[PDB]
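# structure for this input, please:
(chains A and B)
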Amino acid sequence: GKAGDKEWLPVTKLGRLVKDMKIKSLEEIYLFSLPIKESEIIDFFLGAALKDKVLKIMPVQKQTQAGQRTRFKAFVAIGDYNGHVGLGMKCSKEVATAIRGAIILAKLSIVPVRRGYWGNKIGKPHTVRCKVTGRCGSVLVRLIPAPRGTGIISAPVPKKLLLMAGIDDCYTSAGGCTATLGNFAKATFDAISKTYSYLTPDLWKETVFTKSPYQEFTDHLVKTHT
RNA sequence: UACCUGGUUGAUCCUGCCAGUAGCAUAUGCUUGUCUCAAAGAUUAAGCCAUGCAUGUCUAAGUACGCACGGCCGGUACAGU
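Residues are numbered from 1 along each chain as shown, chains lettered A, B, ... in the order given. The protein structure is shown below:
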C-alpha cells in the first residue's frame, strides 16, 4: 500500500467511550436516553446492515425580485431489518449534496421498534406490540396488529418504512391528506416510535437501575480524553 | 390484500370536488386451434298475427245383428278379433 486511513476522531464524550470500546451496543445508549451528535457511532455498531431508500426529491422555491430561486429538498429513509429505522429530510441548492445531507441526518435520528405477537407465542415476533397511532399535521396512521402471513397492507409510502422496520404483518388506516407525503412519512415514523413508550402489563415488574456508562468508565474519560 | 395516486399556488399546509383504480351485467368493436358445463324477444309494444302442431282415453269384466274380417259347427243369452 501507500495510503492510510484515519477516519473519525470523536470530539464528543459519548463518541470517546465507543471509539475506545467500553460501550458495545446501542442498547446501552438508549437506556440512558443519551443524545447522539456524531453519525459514526451509529454506523459503527451498525452500518453493516443499513440501506437507504430515497423516497422523493421534491422542489421548493422562494421568490425574489430577480425571479425564482430553487432549492431541492429530498427525504431519505434508513434502516436495517433487525428493528432499527430512522428518517431525515434536508435541503440544499443542488441535488446530490441534498441526498447525501439527508443520509447523514437520517442516521442521527435512528430509534428502535418493539415487536410482539398476535395473541399466541411461538417465538420470533412478527407484528406491532399493540394498536397505536401517530399524527403529523392532520395525517395519521393507525397501526393495528395482524396474524401471520397477511403481509403489510398499506399504501406504497408507509409500506417502505414498515418493511424496513422488519414488521412483517400489519393493517393500517389513514385519515386526511396523504398526497403531501412529507407529513405522511413522518406520521408513520411517529407511530413506530411510540411502541416502547406504551406501557403494558408485562413491564409492570420493577427495573433495577444501574449507574451510567459515563459514571462507571469516568476513569478512562479523564487521562487526556474528552 | 382492513391500501390509495394525479390536479387550485411563485412556494407551503388544509378544506373539497373532479379524474385515475377493481369487480359485477347489458350492449358493441376487433380477433379466435381443441375440450367440458350452458344463459338466450324480460327491459321497448300484457302490441298484432299467416301456416303447422301443443288432450285424449278400453280390460276376461258397461253396450257389438259394421251387411268389416273370421269361422267349420254353430247359436241354445252366446265366440274370436
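
# centre-most residue in chain A?
Geometric centre of chain A, nearest residue: residue A:86, 2.0 Å, by C-alpha atoms, centre = their mean.

# confirm that residue sits in a helix?
No. Residue A:86 is assigned strand when assessed by DSSP: H, G, I helix; E, B strand; the rest coil, not a helix.

# ok, the closest residue to it other than its chain neighbours - contacts?
Closest residue to residue A:86 apart from its sequence neighbours, by C-beta to C-beta, 6 or more residues apart in numbering: residue A:110 at 3.5 Å. Where C-beta positions appear, they are placed from N, C-alpha and C, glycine not excepted. Contact analysis of residue A:110 by C-beta atoms under 8 Å, 6 or more residues apart in numbering lists A:42, A:46, A:78-79, A:84-86.

# could you report the separation of residue A:110 from RNA strand B?
Computed as C-beta to the nearest atom of the strand, to the nearest Å, the residue A:110 to RNA strand B distance reads 24 Å.

# where does that residue fall, phi/psi-wise?
phi -60, psi 140 (degrees, to the nearest 10).

# again with residue A:156
According to degrees, to the nearest 10, residue A:156 has phi -60, psi -40.

# mind checking how far it is from RNA strand B?
Residue A:156 is 6 Å from RNA strand B, by C-beta to the nearest atom of the strand.

# which residues are in contact with the residue nearest to the centre of chain A?
A:77-79, A:106-111.

# pick out whichever of those sits closest to residue A:181.
Closest to residue A:181 out of the contacts of residue A:86 is residue A:77 (11.6 Å), distances taken as C-beta to C-beta.

# measure that closest one to residue A:28 for me?
Separation of residue A:77 from residue A:28 (C-beta to C-beta, to the nearest Å): 25 Å.

# if you count surrounding residues, which of those two has more?
More crowded of residue A:77 and residue A:28, by other C-beta atoms under 10 Å: residue A:77, with 24 against 16.

# tell me the domain ranges of chain A?
For chain A, curated CATH domains gives the domain ranges A:13-112, A:115-203.

# need these in a markdown table (columns: distance to residue A:210).
Output for the domains of chain A, formatted as a markdown table (distance: least, C-beta to C-beta, whole Å):
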| stretch | distance to residue A:210 |
| --- | --- |
| domain A:13-112 | 9 |
| domain A:115-203 | 17 |
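
# how much space between residue A:28 and residue A:211?
12 Å.

# my bad, residue A:77
Distance from residue A:77 to residue A:211, by C-beta to C-beta: 36 Å.

# share the number of residues neighbouring residue A:142, please.
15.

# got a list of what it touches?
Taking C-beta under 8 Å, 6+ apart as the test, what residue A:142 contacts is A:131-133, A:172-175, A:191.

# hmm, 10 Å instead?
A:131-135, A:171-175, A:191 (C-beta atoms under 10 Å, 6 or more residues apart in numbering).

# got it, and residue A:68?
Residue A:68 touches A:61-62, counting by C-beta under 10 Å, 6+ apart.

# RNA strand B contacts on chain A?
Residues of chain A lying close to RNA strand B (C-beta under 7 Å from any atom of the strand) are A:58-63, A:68, A:137-139, A:144, A:146, A:150-151, A:153-158, A:171-174, A:176-184.

# pull out the buried members of the residues you listed.
A:139, A:144, A:146, A:154, A:157-158, A:171-172, A:174, A:178, A:181-184 (16 or more other C-beta atoms under 10 Å).

# any buried residues in whichever strand or helix holds residue A:30, and which?
Per DSSP states H and E, residue A:30 falls inside helix A:26-31. Residues of helix A:26-31 classed as buried by neighbour count (16+ other C-beta under 10 Å): A:26, A:28-29.
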